[PDB]
Structure formats: C-alpha cells, structure tokens
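Working notes, structure below.
When the chains are written out, they are named A, B, C, D, E, F, G and H in that same order, and each has its own residue count from 1.
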C-alpha cells in the first residue's frame, strides 16, 4: 500500500500513417507545489521504442533502471542484439505489464500510468497502455490522467478509427499533439509549459524533441472580463 | 564406499543396475494385452504353508480403468501405488475425466530416479501397469526403477521372466480372445513356477472397458485351471 | 557447498576408547604446565608464560583470564582453543544466568556450562574436541572458594590443589606434601611459586610467570562508589612487581 | 541433517542393512502367535540368564496398541518401543477421523509402512524388529494374526513364530496345526502355543509369557501359576 | 436457497430448490443443489456455491481413495467427518457452507449428517437448510412419520420445497428429488415450480389464498 | 488506501445451438466515465475449439485467459496431444478461479464450444469458480438487461401455445445460426441504448466442427 | 580409477571421469540425426525396442511451436531437460511475448548441465540432445552434450555408429544446405544420412521417427504410416 | 565430498549388531561399579569412585549419584559429561510432567523417555551414542519403589538388585546369592557395600572412594526422603558394617 509523492501528469500519444507520436511535460509536482522542472518523463528504449510514464516519479525512476537493465541483459550472448534479436516495443510492453500486474497482486503497486509507443520490426505501429492496476488497452489514440479527458477528444477528431490512420500524416498528427499540450496547459493545474515530444517513424526512425514550449496562446480576451456578474468597472 | 548416483565406466547407474538384480529374485508376474481386454497374473509364492495366501496382495487396483501387478521387493511398491492412485484421482478432480494409461505410467516413472544424496535408493520392484482409455484402447506397460517404461503386447517379469518371455513371443497374436489370454497366462505361469500351480498360489485379474479392473476369485481361477489341463490333454 | 559434515568425527573404537578425546588429552600433555591451589581465605592459579619470540610482547597474550568478577580461568594445551572458550564462557555467564537472576553464576554452575560446550564438541557433527584442560578458580556467597578442572571430554572435578600439562605428575606430588587444610592465601601463593619453579626451565620472574588470585573483595578495583552491597571483584591478577617481591623471600 | 544412504543395493541385488536387521530379529527372544476358532494367543520367550529381575515393572513383551489389538515382537527392544508408540498414536488418530477403531490389517499395514520407510530414507537404519500383530476387527468375531518384518512386507498367518530358534517351533506348528480344524477353544489354543514354546524354551517357569485375546476388546495376560498348569499337564502326557 | 433431507423406512429423501440469486437479481433458475459424491452418497448446497461444489467434489475424491486403500465402502460418518474437519481448518477464512451429507450403508443404515462452515457436525433424522428452511420445516414436521412409503415420502419432500419456493423470495425455479437406498441413490426428476404449483393447488385443494 | 480492483465495464453473451455455439462480446473498454478503447477484444480462441471470455476487471480477465491458454498448452504436452473437451476445460477453470478464493479474479467467465457428442455447449462461471452448463448466458455490465430477453426468446419462457388456455407451453427447439446471430445483434443494440458502458462495436465468435469463425458489427459510439 | 568416485574430483591429467562416463551412455544410445537448410530444420531418429512384443522408445520431444529436440542416452534425463526447455520457452512467451531464440535455448541447457558437474552429491546428465528450431534468424540446429558443451551446426549425428551419418553429412554439406522451400527433399537427405549408421537392421514403418520445423511449418513429429513415404 | 570420512555410526554388522552400541558398552565396562538394591521399605544406591587422588575434594564432589527430582535418583556408569547432558534433559522432562498434570512423574515414564532419546542416537542422525549406563532408583504411588537400568542401546529393564559398570558379572552373582525379597533397607545397605568390597579392583574399600544414597519412607508419615550420604556418614556406615 502506497501513496504517490512526487508526481508527473498527462502522457498523450497517437498513431499516424508511418508511425507513432508521444508527448509529456517536464514537471515533477509535489502536491500543489510545482517542485521540479527538469524532469524527463519520456524514456527511449533502443531506436524503436519510447516509454511515456506518469504518476509517482520515484517509481518512474525504478522503471527507468529496469528498462536500462533490460537492454544490458538482452545484449548478453546475443550477436543479433542490434539486428533481428533487438528489443521490440511489444517485448518491452509485455515485460512492464507483467511487472505492473504482479506488483498490484502483492498489494504493493508501482503507482504509474504507462504508455509504450513504438514501431515493430515489420513496420507495424505499436501503441499500448498499462497502469498500477495491471490494466492494459490499445487504441489509435491513448492518454493518461487529464489527457484522457481533454486530449483524446481532440486526437480522436483526427483518427477516430483504424481506417483514419493511413490518411493521417506526421505533420497533421504532430500538430494535433502540440495543440493538445496547449489545451492541457490551459486547464490542468499540475501541468507545465515546457514539454518533450517523441516521434517513432518506420522510415526516419526515432526523433526525440526536448525543451519544447506551449505557444500561440489566447489570453487577450481576459482584459474584457470584469467581476463575476453585476460588476462593470 | 561410493556415491549413490554414480555412473559405471560402461555408462550405467550402479544402483539402478543392482536394483534390476533384486527384481530378478522376485516372484513371476505376467501380463497379456488383447482387443477384448488385458489380463494380469502373478505367482504368489508363500514362504511357508502356515501363511494365509489370500493375504498376499501382488495384484492391485489403481483406478477402475487401470490395474497393476508387481515383482521384486514388493514392500517398495506401496508408495508407488499410493502415488499412482492419487495421480489418477487428482487428474479426475482437475479435468473431470479418466486419465490416460500412459500418462499414469509416466507419473509413476517420474518417482523412479528421484533418489540420491529425495529417497536414499531406487525402488527394488518392477511394475506391470495394465489399463484402458478411449484414445489408445487396451494397453500394457512395464515400469522399471530406471524411470523407463515400454508398452508391451505381452510381458513377463520376475525369476522366470526370460523363459516365459520366449514363450509369450511364440504364443501371442493380434487376434487373441480374453479367454485365450487367461489360459495362456495360467499355462506359462505353471511352466516357470517351482511349486505346482493351483488357485491358492496363483492369482488372475483383468481390465475390460465394460466392467473395469477385476481381481478373479479363487473359485473362478480354479475352473480356468481345470479348463486349461483338459485342453492340453485333448491333443 | 554447505557443511556436509553433519556426522560425528569422534566415535567409539572396538576397545571402547574415544580416540579424539584421548588425542586431545595428549595435546594437553604437550602443553605448558599450569596449576591451582585452594587456601582457606582464597584461591591461586598460576602458569608459565612461554614466549614464542623475544620480540613478542608477552603482556598482550593473557593465559590467565577473568570470566566473572569472582571467577578466573587458566589452561594447558592449545591457546587458540582456550581463547574462544573464554569468549564463550564469558557470554554464557550472562545469557544463561545474569540476564535471568540479576547476579553472577556460582563457580560450579559456570564450570558446568563450559563443560557442556566442550562435551558438544565431542559429539556434534563435523567438529573436533577442544585441545585444552582448564583450571577454573572462583568464589560465591553460598559455596565459598572453589577450584575446578575441566577436560576435553567435558568432565570436571573439584580440587583442593592440582596441576595440568607438561610436568603435572611431578607438580601434583609436590603439592601433596605441602598442602594442608589450614593454608592461608599468602602461604598458597608461596607454594604455587615453589611448585612452578620445578617445571620452568629458563628465566623465572614476574615477566615470565602469570599468576592471579581469588581472594578478598577489591573496592579500589570496582570503578565506582555509592552502592554498599557492591564491594568489588575478588579476582585480581598479580602484577609483575608483586610477583618479584615474593620471589626474594622464597 | 544427516543424509547418508545407509540402506543400499549390492551387486547381487541385496540390501544388506535390511538383511542384517533380520539377523537382529534372529537374535531376539522367541515369539509365537497361534489363532484358534474364536481367539488368538500370543506366546513369548523370556531368557533366564536374568535373575534378580523385577517382573512388576519390567516392560512386558506383549503390548496393547488399542483395547482390541495387541503387538508382540522379536529383535531390538528399544526399536520396538518406537513402532509401538507410532502404532498407538495412529490407532487414536483413526478413531478420531473415521469414528471407528482400526482393523488389524490396517494397523499392520501402517506399522509395515513405517518399517519400509526406514529402508529407503536417508540418515536412518532399518528397524531391527519383526512383529506379530493380533486382534479382532470392530464388531467382528473372526480372529486376525499378521506378521511384519524390517523390509516392510507383511502377511496373514494361521499360526507363526519369529525370533531365535523360530525355525524349530515353525516346524512343530506346521505338522501340529490343522487348517481344516483350528483350536476350537481357548484352552486348546493356549496349550498348542505353550507346547510349541516348550520345544525351544528350557524350563516352563518364569520363561514363558502368554496373552490371550478374544473378541470385543477382551484381552488378559496369564499369571505364572496359570501357565505352569499347562506346563505340568503337557509333561505328564509326554511321558508315554 | 431451500434444501431438505429426512430419514425414513425406505431410506432417505433429499429435496432441493434450483434458484440462485445475487441480491434481488435471479442469477439462475436451473442450479444443481445436489452433488453426486458417489453412487451411494449425496450432498446438498446451501451458502457458498463454489465452496459446496469444490469441496464436495473433493470429498468424492477422498471417498474414492478410501475404498481403494481399505477395499470397503466409506461410512457416512467417516465421509461427513472428512468434510467437517477440512472446513474447520478454514474456520475464520470466510467459507460459507451448510450441507446434509446423506448415505445408506450396511453398518449404519440410512444416515444424515448436517455439516457446517462453523465446524458443526450433527447426526439427525430431519434437516432443513437455507433461506426458506423454516417454510419447509412447517410442512415436514406436521406430516413426517417413520412409516411413510417411498411414494408418499418423495411427495412430502417435493411439497415442502414448493411451500418454501412460494413464500421465500430467494427460493424456487424447480424441485430436484432424490431417493437414497442401500444399493445407491435414485434420481426422481426435475419439477418446475411454475407448473407444480398449479398442479398441486388443484389436486390438493391447497393455496386457496392464491387465485388460479 | 490502495484498491487493487477496478471495473472495465462491457458485456458478454453465449448461446448454444444444435451443432454450433456462439460467444459474443462488445469491444468497448472503460474506466469511470472515460472510454479507454473502442476496439479492445475480450473474446478469445483458446484452441481445441474452445472460445473464452472473462468480463469484469480486465487485468484479472487477461490474467485468467492467459493462464487457461497456458493450461491447454500443457495439457497437450502431458497427455499426448489429447484434445481438451469443453467439460474438462470447465472443471480446469474452476480450479484456476477457486485457487484465488480469498483474493478473487473479479470476472464473470463464459466459455463456449462443442461437447463430445458434437452438440453446442456453453459454460458460465462466478468469480470464485462455481460453474454450470447452460443453453444461454449473458455476463457483465448489461447482463441484467439481456438475460431476461434470452429467457423469452431462446428458452421460450412465459410463452404459451395460442388458444390452449395457457395449458400447453411453446415447445423448445434448437435455433439456426442465422436466428441466433439476429438475437445477439438485437440484444447488444438494446443493451447499448440503455447502458452507458456498452457500445462502440460487437465481435461474435462462432464455433462449429469446421473451426472458429468471426463476425464484427458496429455499435453506437455515444 | 581413484578419481572417478564423484563429479567434484579432477584427475591428475585434468579430466572429469563421471562426466566422461555420462558421455559413454550417449554412445550406447540409438542413432539420431540432425540437419538443416536455410528454410527448414529436420530431425531423424532411429527408435529402439526391447523386443518384438515391446514398443519403440520415442526419441523426439516437442518443446514449443517453433522448437524441439531428439535424444540419445538416458531418456528420463531428456524428459527433465526438455521439461526445463518447455518452461524457458514458455517464460519467454508469457513475460516478454517473445519466442525464445534457439541460441539462448542452448545457453540455458549448457548452464543447467554445468551446475551438476561442480557440486557434491549430484551427478551429470546422461543424455545427448539435438535441438532444432526456427526463430527470427532462420533455421537452427544445436548439439547438446552433458559436459555442458553446446555447439551450433549445419548437420550432425549422435548415438551408436553416429560417425557414418556424420561423415555423409560432411560430404553432402553443399547439397542439403540449399534445399530451400522443399520439406520432403530435406527429410530424404536426412533419411539417407541415418542409413549410413545402420547395421543388419533397416528402416521400417514403426522404427523410423522424423521431425521438422521451418518458415511456415510448426514443429511436428511423424511416426507410423506417416513415414512410409520415406522408406 | 565428506562421505570419505563418515564412520556410519548407525548401521548393522553382518551379525545384526550395532557396532557403536557394542563399543560404548565396552567403554562402560571399565567405569567404576555402581550397584542398586531395592528393599521392601526403601532403595539403596552405592557407587565406587574411579581411582581417587588424595588431593581430590571429596565432600563438594559429585561423579556417580545424581538427583533427578525429590522422588527419583540415578547412578552413573560411563562418561560423566554425557550423563550430565541426559540428566538435565531428564530433570526438565520431570518438571514438564509436573507442570502439565500437577502430579510427580511416574518413574517408568521418565525412564522410557530418557531411553527413547538414547535409541534415537542409534537409529538416525549419524552421531555417536551416549557412552552411559544409568541405574534409576525412585518411588511413585503406583508401583512404589522401583529400580531400572538403561544402556547406550536405549533398552531398559526393571530389577530387584542390579549392578552396572565394571565387574558386573562377579557383582551380579554375589547379589543373586545373598538377596531375598523380604529384605530391609539396612540389610540392603550392608549387601551393597559387601558386594563392592569383594568386586573392587582396589586394595581396600574406603570412605573417600565411595558415593552412597538411600531412598526411604523414613521421613514422617507417608512421604519419601532422599539421603545423599556425606563423607563422614559413609565413614560411619563403613565402620558400622565392619568393613574398616
């Protein structure tokens, strides 16, 4: 039995025609205190997978070490470690999913919501979710925390079902993700302006973007708003 | 001395090979498989006339569809039977069905090599496991202390085994009836036994799909002995 | 891995001898002479300090050891075996007695506990017997002064006076002539020094002899005042100077 | 824990430790069991090199396992206590779970199973003991006599003997015991048991113990004078 | 649930309802509350469903192992005690069980043992267990005799379940009858309460309060 | 305090015919008032012509199916590739579920297939292992909506023969695969209308002697 | 001589005699052959019977849908090791959703066998194994020895008179390696290979045992009338 | 491994004897003789100390005779250290029985348990047996005065008069000659000393080479008293019977 202390907020993601995009802000909250601002919550595994983590940061750092150790262990006695027998997104996910469910079954969970985004060896897009309860699910768009409530509605307007994936380009997809991050900054009280974004493409590979900022924000209309009803001046 | 799980220079386990010698000293047991059923028969071999021979239990039920005959250090067989019975019933509990005769034999044979320095020595007893299931029909198995089992159309184990096996080689064919097999076990037992064969020093049993595993009465076997003697005199 | 020696290494031979115990006693025979004498108002235990090298500081090696404030021990045989027995003996005095009764054990009972430890090394799996004989001197309120010998087998006997080790046969004969039931403590120290000179060959002084007593209470050695019932340890190790004083009037 | 495999096979296929345990049984004092038409009688030898004994307190050779079953033995005395204790515990455990006392066959089977376990367990030697277990099943009047031995094999006997010079008394019983007509009464069964021991014992004084068991938990041990009367009667008929 | 079992001249009658509820929701009308332990023994469901099912199936395995080892039919006393000793080990853990272990042997005759998850083990002539036990007891007590016929006994058990099925909201669906003899139990069919009620109402004249 | 259970919603439905059996289930996955996935299958082919679904808490549901699938695999290894009969699978699942009696799998389990006579078979389980063979069973969030409809349309409950004064019941008969699928589709569209956790899509697995076939139908996405 | 009492003892020339005696049990075992192409891998095994009344001891065991072995020596030891492989293949599937590489399968068997050669009380395994499989890097053939030594090969053979088949495969290397997209021809080559180890006996319908795994072929075993095609 | 160095203490000889038990008995046969004699009104325990030295403290010494409880005592023959292990176990067992049943332990029950412990060391564990033989002298309200003996085999028997240790053959013959059933304690005291005096390997039997004890009902009304004799009391009883 736990309670989360230092926490990370929404992780959002979606599929597009050639790959997957995933994003998460760089904040480590300590309750209402916005304590840490340099926290990277997207962690690449190889050149074909990105694990996005929300929830408890101490448990996130534990999961980082496990993934780091998984790459080391896979390389042992493996001449094809950088080829056919490299770590797939599906392998990395199933490993984490196993751990998350085992920990919940011992009444001592890793207090996280995790999204594993990547591209398989045959070119297929991989995007699947897992959390502290061991619950797993996949969808064209996936998001955690507030992202589930606010991002998914926006991302589902682009890709509403399977057949919309080939029709969606990387430009259109990234635009939707960056827009979703702005909306979350408007509305999530435990979000920051600074964030990271990762694109895993079947052709161009892994593109990791750091130190992005929410921009083109609408605040100007605030000056006209006066009082809460009957106030004029 | 020397290790219990040691290999000989020829590539055999000393203790397993020595336990096979113990089985050769044991009383004879014969099994014959037919399309109408499997027959199991044993030599009781009472050490003294004061011993009540009906208390000599060398044929044993494992389940309704599986029977067992033994030869060698018969005391060692008790825990093997106990395991077999539990394995059979446990499988029925987990799967709501009868267990395959081969699967049962394999389970019993897993105990065999669980010895060393687990129990202190191999089993000094060989088993003939007979039974029926829906998949492979009527079956007879020979389970050794080596952990190995062979399926047999017919098989003899014990002191008169090599002589009886040579006899079973000639007599067995794929169209034997149950009654023919019953007489054939009695015939071959009478040949290899020291004392004269009768209903008190020899025991018969069979397993059929319809009636399951049955140990024959001394009255029933006595008639089959009388029927056997008459048929041999008739030519 | 793991201790596979779960069986006895000491067993009965056809003649009824326990070989390892006999061989342990042989090791004690080879060891340096030590002795103990019981007086009316005290007990004295003594031994020679056989130095392994003149560069070695023989003060750092203590053959005579305090077990409780009123009990002391000396040995003959293998030193390392003695050292670990003293460690164990000191601890068992606390665990199996002082932590229960709030007072130190009487001599006979502590001796009994040490014997138990030595008996178990004679019967338990994968161990040899202790290669030492102990002489334990001590005092307690209800038994007075006492002296005990403990052998490798775990057997123990009470003595008026005795000697063990190298020249024990000659030393025991010497003590039989000199010992009486009216000996004062100072007389017993005098006899102890006389007996020990016979077995010692080289130098004979306070630096080559180790000697301690169980006598009167020593309030100056207690380390604190304020509790009337606590009067100090009856065990006292004689100093190098205190020995030489008695060697002049010898 | 001490693990050594003490009981092991030899080249010729024998387990010497079990066979040497039988030699301990052969050294033990003779014990005999004879069952009649409505009873079983357990006879036991007591060696007479021990005078100044106290027969009030000395452990008796025949032991009650329950109110309806008895156990006598031949071999190491100390070993027999361990078997008797286990048997007595199992007897009560059976009453507790099955709500019915053990059958003589069941109790024998248990004891035999313990003996067998010590022939293929690490760190232990076999029991140097063979037993005769006798009694009557609950609500049954058919007499039961069973024998066990160190190896673990057990079997039923119309009459049987174990211990030293047992081959002599077995020879006697084999010609004197009729299967078609067992000792019809208690007197006849006790006499045949005493007769058989008199082939081996020496004197019929304080050397023979006799215990009679009858149906429905009816067990009683005979005294010296009672046994001596059988000894006196047999010798007078012998001089003929 | 409503289950009953009673000893009489012709052996034992066992009768049970068929309903299973999860709160107000009727989960099943076709549940089997009689377990066929072996051709000579029967057991009844009340309380936990999986438990009754799991452990009385297990009991049948223990009874089979008994008669393999002892070459003799297990007594009703011994069989019932194997179950009661088992549940007693689990006492406190939360097992829910109320069952009649019913059988007919040579040495005992017809025998019924009430076994409980509290560890209670009671031998008796008449038992009723379940939410509608009190309704069944009323019919049983006023009509029971040792010298009932197999035909009249079967009906009494059927009628007593019907009584409870009617009044008790958590009982009904259908009635399963069994008749236990020394040579084994004999099934006496599934009887839908919907049809049985009207049939009984007319032929018996009972249930005049209800309009048909 | 940490709560190890959750509710992933959804609903499932199994019907048995004469020589076939269907096991249907919606493809929606939810937590609270959010949709996790519009297409997340929870009806699985487990081999040996056995289809299975464990609806309720998805983590427990996936664990159970994974374990049973593995049970089928080891049954083949240990018993000479013998086919696991639907009745044997049912008993095996009871032991899986009851194995966690005091920390249960929060799922209503249903399996479907053919019995050893070739006839359609549906078995249904409670969370702790009690099971029962039936012609008909709905499970999950909308079970209470669908089940009474099945009683009426599959087993013809409360339906009497016209003009017989309510004395002769409507006779029981097997339904065709075409008729069964109609009832499944109407059951789920009705459940989708009145239950918020039911919708998005419907996936049906049909089991005949020839194998396992699939059919998919859109459901309302609100 | 004095240094063969147990596996924990080295001889003066640095030999482990108990391991060598375990190796001897393999030589007494019936012949079995392994060979592969780029698309498929094949096991062929000569089964052995007790007499004419007995069955023929099964030599081939399935480990997963994509892997399996043939045995030569103590059959129970093969059952222990195959069971271990089944679990390891299965752990890889459940935890990582990943088919176990045939190379890792060998590494695991090597390490399991080794622990039995360095500790007191235990004994070496008394069986040799030929593991075939198809994984992400194509077809594979391994040879396991109870010393611990595992070796990857194009083809090989173990058991009595295995040298005949091993020589044949060494000659046929260039031919059979390129039998791609043709199962029946690769088996024919394996059946011809094992025939070089036969003496007085020939391949019959209940004597021969064949197994195959490949690109679009799960590990499947052929016995009885199914191998009549290849005689 | 370690198999090489295992003596195998718990195995049978080809003749069916337990090697280590036989050799332990051979060890005990060299130990100082101990005699127990049971009279109608009490029990005597006499034991000879092993070759004494003149500088041995005699009064504050215990070698042969030990007290198990107020009603039971034992005489030792063999390894003293081994006997003390068993004595402390026997003492605890008596207190366990008293704690449980609120009654003093019956003599036989205590003897059986101690004998069962010895048996265990001969059948399992791979350890050497206890090189000890006991003579148990005690009283309870069931059988009254009782004498038993146990040996390394774990076998025990009851006696009217018995010896253990050295020269038991000669000692048992002498006891068998002069013992009779209606004997009193004071007569038994005399028999015990006379027997030791003839069987001793020493030149003459003196007070300083003996341990002596009686268990009488010689207390006041229906209660038992244990008397472990002091040196001066042995000196007097030795003069009173005319041995010195």
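Keep this in mind: contacts are C-beta pairs under 8 Å (C-beta built on N, C-alpha and C of every residue); 3 or more make two chains touch, one makes a residue touch a chain.
The chain list, named the UniProt way, goes like this: A = Proteasome subunit beta type-7; B = Proteasome subunit alpha type-5; C = Proteasome subunit alpha type-2; D = Proteasome subunit alpha type-4; E = Proteasome subunit beta type-5; F = Proteasome subunit beta type-6; G = Proteasome subunit alpha type-6; H = Proteasome subunit alpha type-3.
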By mean Cα position, the chain sitting nearest the middle: B
Greatest separation from subunit D - chain, by CA centre: A
Result of counting contacting C-beta pairs for B-E and G-H, higher pair: B-E
Distance between the centres, which are taken as Cα means, of subunit F and subunit A, whole angstrom: 34
Distance between chain centroids, defined by C-alpha means - subunit B, subunit C (Å): 71
Computed distance of Cα centres, subunit G from subunit B, in Å: 33
Separation of subunit E from subunit H, taking each centre as the mean of its C-alpha atoms, in whole Å: 67
Multi-chain contact sites of subunit C, meaning residues that touch two or more partners: 4, 6-7, 125
Two or more partner chains touched - positions in subunit F: none
Subunit B partner contacts - residues on subunit F that touch it in the complex: 75, 78-80, 82, 85, 87-88, 90-92, 95
Sites on subunit G touched by subunit H in the complex: 6, 8, 120-121
Residues of subunit E touching subunit D in the complex: 70, 75, 77-78, 81-82, 85, 107
Interface residues, subunit B side, partner subunit E - complex: 61-63, 85-86, 89-90, 92-93
For the subunit C and subunit H complex, residues of the former touching the latter: 4-18, 38, 112, 115-116, 118-119, 122-126, 143, 146-147, 153-162, 172, 175-176, 179
